[PDB]
Amino acid sequence: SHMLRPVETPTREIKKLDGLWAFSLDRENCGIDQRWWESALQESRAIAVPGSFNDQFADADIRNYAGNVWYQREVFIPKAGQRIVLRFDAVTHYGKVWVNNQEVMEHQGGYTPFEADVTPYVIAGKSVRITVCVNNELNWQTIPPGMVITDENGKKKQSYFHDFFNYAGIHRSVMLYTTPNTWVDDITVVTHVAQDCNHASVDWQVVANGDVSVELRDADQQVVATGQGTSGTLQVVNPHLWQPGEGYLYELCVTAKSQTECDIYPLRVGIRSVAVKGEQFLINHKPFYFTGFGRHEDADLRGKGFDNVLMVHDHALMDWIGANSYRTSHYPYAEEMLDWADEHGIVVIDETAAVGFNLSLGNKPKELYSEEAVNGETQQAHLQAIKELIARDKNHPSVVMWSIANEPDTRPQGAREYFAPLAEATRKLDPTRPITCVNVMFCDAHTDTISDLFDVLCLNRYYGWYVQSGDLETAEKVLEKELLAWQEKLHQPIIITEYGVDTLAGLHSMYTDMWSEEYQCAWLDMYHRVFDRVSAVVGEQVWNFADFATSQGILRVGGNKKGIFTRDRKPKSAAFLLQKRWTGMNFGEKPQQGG
Amino acid sequence: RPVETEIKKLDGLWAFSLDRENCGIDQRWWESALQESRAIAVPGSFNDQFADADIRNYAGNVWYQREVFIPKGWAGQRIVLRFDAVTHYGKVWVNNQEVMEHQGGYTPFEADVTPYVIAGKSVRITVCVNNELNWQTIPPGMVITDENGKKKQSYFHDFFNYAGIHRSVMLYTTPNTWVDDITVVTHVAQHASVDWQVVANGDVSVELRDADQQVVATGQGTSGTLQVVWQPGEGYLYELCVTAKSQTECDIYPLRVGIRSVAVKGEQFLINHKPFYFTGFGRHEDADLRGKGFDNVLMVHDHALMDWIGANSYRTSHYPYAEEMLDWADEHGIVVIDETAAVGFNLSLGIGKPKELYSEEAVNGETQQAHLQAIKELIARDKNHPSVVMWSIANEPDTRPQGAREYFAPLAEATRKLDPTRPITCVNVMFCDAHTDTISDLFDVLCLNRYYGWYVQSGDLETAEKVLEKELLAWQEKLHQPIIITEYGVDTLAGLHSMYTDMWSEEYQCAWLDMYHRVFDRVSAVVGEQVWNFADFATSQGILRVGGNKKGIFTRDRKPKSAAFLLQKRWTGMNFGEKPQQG
Ligand SMILES: CCCCCCCCC[C@@H]1NC[C@@H](O)[C@H](O)[C@H]1C(=O)O
Ligand SMILES: CCCCCCCCC[C@@H]1NC[C@@H](O)[C@H](O)[C@H]1C(=O)O
């Protein structure tokens, strides 16, 4: 449907985000049968929302549990005559909500919010019970996809194809918000600029039988433009347009009035224009250079759960290190991260949860794009995730790119058949932004067959790590050669969205061999040397802020160790190399082929 | 091995030089002092010694050199130069005259230098050491080159390819009647020990004592020697003086020997007619800073750790150890499975190339010959040791392609004919289970390497227990042979802890070593356990090695992980030489 983030005005929120819900497992799938919605928690225990249920009890048998978990919470209802709505900003994978024995709504998104209108079903003044059924399972039509395997005892074991651990549960806000019966439930805003001198910001919104008078107030509450109608444009003059450095943000207050009731919604948008020209990524008609991380929503104890201290601290670290950009790696991030990126002018490459469409990253199906794995319904679900992501992050000026999928195996015939309609559909959904598909390493420029449909070429390369293990002299030649081959092929702006190596924070060696910090430094350094002599490399993005948790494997030593920082946010030796490089260059500009 | 009744030339430092342009043999570098040399220490691998990244991985020709004074007291005696071990290949020159060469690596080679040496004046010694491996070296490998002539060596074993001079170099003197060859075989029923001898212009008079010069038998001849009437606890060993008499000079050579006879009966390993149970480690010749170089301090300390942790046996894993380890081994009476450098005969161990392992371009002809040679030398050096109870021809070979059996049968035959007094084995890899292995019948004891719960069924104890159990008792029902598990271990970061007891944590090494021990306890054919590696050790660079192999109970600087005390409780809590009665 339509997605508007709620905000306090003559509108109200009761943060049911309160922790300490009742939590229980359903190892027998008796919950849907035995009507657990009715009343009690049976044999529950205290859990905390937001937060992943896997790491929260230090029980291994819970963290690998694959099935149905039950959340439970009684709450009181203060808003009368207002539309009361129950919003879940994120319930990872599947969630079915119940308000006092009655199914309200359900979702199969994972990292996208879903809400429901509960005005008839509640009465402001008495209690009410909310029971959530959260499913953490992945089959071939989920985004991301997976394979759940039962064995001889019927015990479910979830296997997937991405790297990060499949943290599940309620990860973001659960809120009970309250809006007048004539609401402003959808908005779209597109901005243009000409020579940083003047241009318009077209408006568009959806009401509940009310008219929309829209004003454009300033950063100090000064009206600069008005407008009367459901559509149309409106022009500023000599704007304070949104730059990657500062990030100026106008406050467009929209009004939807009825003959009796009225609703006012303030929506912050910044004037900026993002486009791709040849091999240049232009923000406000200036060629840009991306620097920063591909991070994860990962932490100790809470898993993929959200928390504010992590936001302010992580943004302080990136702010110190000189990073100006990041990419919401492998799933839509919490909207709060994108609000911060909006105010602080942080350019973001947004991505969907489509990751793992690849069976070469080592009882696996034998054809990746057959009916037994990634079929038409996988394509429908992928288009769904695109729809929801764009419908949530469409107005945020910090998003400059949509990324449909991550590292798909494109060698087999049919990858183009699967991905081309999704490129067409995404271009038809949001024309204001470039589109991309992050490229796997074993699909170099001479075997890929998908990168033509996208505006920006994103690359994940690990020459010298997975291949040429320990060889810098050779990985330099290979890396430079394939980079110039991508240039000779597509003449596109090339952002390296992943490049990193594993490093035991504390492992040193005089020989600068793999897994030591000296190898991380020398490796990133050589990669930077190659980066500086390719004209079409419009951005670099290291593989990963900090070490994150992965599934158990013989390649993951307590998870992925390719982070610049540790899981507790401590810098390895390479963090200060990146400090020197990024903070030493001119902001938003590519190095002049050398310092 | 020399004694007397010498000047150990390995003292101090040698001149060391690299040959990147490969000019040495052509420009005759041995006939002069090494131009642009630097000090190097023997014994010790040259790779780790200088903290130089380029020196560590260098593949080519290296040059050692050292002047020495030949003592005046050796006027009319034969002067012999002995290299206890020069890893992979070595060509030795003595003062403008080429004396010797050897492609062994982990076994000694000596040469008579009496003419080329005049005792009293200083002579120079130049050694050319090669660290290259092709398909005819033991272990095998293959070198690759490109533009700029940069040579890059790739091999198929795990441990890092350390090279150089790894053990002492001796310069011993014997009278002109020497005892070049000696053999001794001991028997025991419910006995004695035949003697042997090879000499030049000298007769053989053999006597043997016990504690001190207290002869308790004698014999005059090159056969028989039987008379009056060695344990894994203490290790009682008699002293056998051999005498070679000539008209002018006489020679006396003392050889310690322990009375013992090893034999396999059904599914039991009998040392002195008693069922045994193997406990201990499969270790390595690896250390901080010195590579595979030998050192007495390390031997004393590691033997202290093995004594404390309750180990009674170990296997000289993947190459012949320094013979000092075996002298200590029969001194304190620790059971040793001796093994050749035959490792890496497998193309299936891929971190994630010819087309068939037993083709002509890889493993055929000189490969089989030189393997038989590594056998002949290992046996010709370690035959008399009572601590050696087992022969081990090869380790983890791929026996699935066509032609593996045709390869391994003749080696088993010749090796058995060479030393019939000891059982023989071949440690097979994990990818070849009971239904696919085709060689385990040729050998007396079957050796197993198993990693259920690590490489396959990664992190799942509940099923790896079943697979290990089924595979084990299926082996037992299949061949009805004694099965020693010679490798079972999992990697572990020394300081990584985890409440969930998942992989790489010490809790997972503890819980993973435990389940394997219960499945061990419910199987009658398992005649021993040897946790994979004693200490973490250096390997080649891969994405599966976090600064080497972390499958050690101890770290590289010999510091214990959480499993060291678990195993010290298990091995010393049971009775010595006995297996638990299924619990
Ligand atoms: C057959 C050739 C394979 C080439 C190597 C592919 C490496 C893919 C790297 C992986 N790319 C995806 C990212 O989420 C992971 O964290 C990253 C990693 O594992 O470090
Ligand atoms: C089904 C087989 C899956 C792969 C099993 C690989 C077992 C190889 C055993 C290897 N054997 C050689 C030894 O030096 C090494 O330490 C050990 C290892 O892995 O580290």
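- As deposited, the entry is annotated with X-ray crystallography as its determination method and 3.1880 Å as its resolution.

1. With respect to the overall build of chain A
Right, so step 1: When you go through chain A residue by residue, the secondary structure sums to eight helices and 30 strands.
Right, so step 2: Taking 25 Å as the expected radius of gyration for a compact globule of 595 residues, we find that chain A reaches 24 Å, a close match to that expectation.
Right, so step 3: Each of the three principal axes of chain A carries a C-alpha extent, and together these read 70 × 70 × 45 Å.
Right, so step 4: Looking at chain A as a whole, 62% of its 595 residues are labelled buried.
Right, so step 5: In the form shown here, chain A has an accessible surface area of approximately 23700 Å², with 50% of it arising from carbon and sulfur atoms.
Right, so step 6: When the 55 basic and 79 acidic side-chain charges of chain A are each reduced to a single mean position, those positions are 2 Å apart.

2. Some words on the packing of aromatic side chains
Right, so step 1: Scanning the entire structure with this criterion turns up 70 aromatic pairs over all chains.
Right, so step 2: Ring geometry for A:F23 and A:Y71: centres 5.4 Å apart, planes at 90°, overall edge-to-face. Remark: A:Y71 occurs in strand 4 (residues 68-76) and A:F23 occurs in strand 2 (residues 21-26); sequence separation between them is 48 residues.
Right, so step 3: Note on A:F23: relative accessible area 3%, which makes it buried.
Right, so step 4: Aromatic pair A:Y331 and A:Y333: ring centres 5.6 Å apart, planes at 35°, arrangement tilted.
Right, so step 5: Taking the relative accessible area as the measure of exposure, A:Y331 reaches 0% and is therefore buried.
Right, so step 6: An aromatic cluster is present here, built from A:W21, A:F23, A:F53, A:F57 and A:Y71 joined pairwise through their rings.
Right, so step 7: Sitting above the plane of the A:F545 ring, A:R295 keeps its charged end 5.2 Å from the centroid.
Right, so step 8: Over the aromatic face of B:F160 sits the side chain of B:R56, whose NZ or CZ is 4.0 Å from the ring centroid.

3. Some points on the site of ligand 1
All names here are of chain A.
Right, so step 1: Lining the immediate surroundings of ligand 1 are 13 residues, of which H330, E407, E498, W543 and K562 lie closest.
Right, so step 2: The side chain of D163 places a nitrogen or oxygen atom 3.2 Å from an oxygen atom of ligand 1.
Right, so step 3: Residue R556 places a side-chain N or O atom 3.4 Å away from an oxygen atom belonging to ligand 1.
Right, so step 4: Summarising the interface, the protein chains cover 80% of the accessible area of ligand 1, which totals 520 Å² for the free molecule.
Right, so step 5: For the shell around ligand 1, a count of residues per class yields six nonpolar, two polar and five charged.

4. Re the site of ligand 2
Residues and elements named next belong to chain B.
Right, so step 1: In the vicinity of ligand 2 there are 13 residues, among which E396, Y455, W532, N549 and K551 approach most closely.
Right, so step 2: Note that a nitrogen atom of ligand 2 is positioned 2.7 Å from one of the side-chain N or O atoms of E396.
Right, so step 3: Interatomic distance of 2.8 Å between a side-chain N/O atom of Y455 and an oxygen atom of ligand 2.
Right, so step 4: Here ligand 2, which alone exposes 500 Å², has 83% of that area covered by the protein.
Right, so step 5: The residue inventory of the shell around ligand 2, partitioned by class, reads six nonpolar, two polar and five charged.

5. Some words on the interface of chain B and chain A
Right, so step 1: Taken together, the contact pairs 28 residues of chain B with 29 residues of chain A.
Right, so step 2: When the two sides are added together, the surface that chain B and chain A hide from each other amounts to roughly 2600 Å², 58% of it contributed by carbon and sulfur.
Right, so step 3: The three residues of chain B that bury the most area against chain A are B:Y500, B:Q541 and B:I543, which together make up 28% of that side's buried surface.
Right, so step 4: Where chain B meets chain A, there are six salt bridges.
Right, so step 5: A salt bridge links A:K157 to B:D460; its shortest N-O distance comes to 2.8 Å.
Right, so step 6: Here chain B and chain A share 12 residue pairs in polar contact between them.
Right, so step 7: Those elements giving two or more residues to the side of chain B that touches chain A turn out to be helix 2 (53-56) and helix 7 (461-479) of chain B.
Right, so step 8: Of the residues assigned to the side of chain B that touches chain A, the class counts are 12 nonpolar, six polar and 10 charged.

Calculation notes
Residues numbered from 1 in each chain as written, not as in the entry; some residues may be left out. Chains lettered and ligands numbered in written order. Part of a larger assembly, values for the part shown. Heavy atoms only, no water. Helix = DSSP H or I, 4+ residues; strand = E, 2+ residues; numbered from the N terminus. Rg over C-alpha atoms; globule rule 2.2 N^0.38 Å. Buried < 20%, exposed > 50% of the residue type's maximum accessible area, 1.4 Å probe, protein only. Areas by Shrake-Rupley, 256 points an atom, 1.4 Å probe, with all protein chains shown as cover. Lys, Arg positive; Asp, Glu negative; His and termini not counted. Charge placed at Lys NZ, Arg CZ, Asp CG, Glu CD. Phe/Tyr/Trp six-rings, centres within 6.5 Å; stacked < 30°, edge-to-face > 60°. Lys NZ or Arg CZ within 6 Å of the ring centre and 35° of its normal. Near = heavy atom within 4 Å. Polar contact = N/O pair within 3.5 Å; in protein donor to acceptor, adjacent residues only side chain to side chain. Nonpolar A, V, L, I, M, F, W, Y, C, P; charged D, E, K, R; others polar. Contact = heavy atoms within 4.5 Å. Buried area = accessible area lost by both parts, 1.4 Å probe. Salt bridge = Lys/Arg side-chain N within 4 Å of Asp/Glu carboxyl O.

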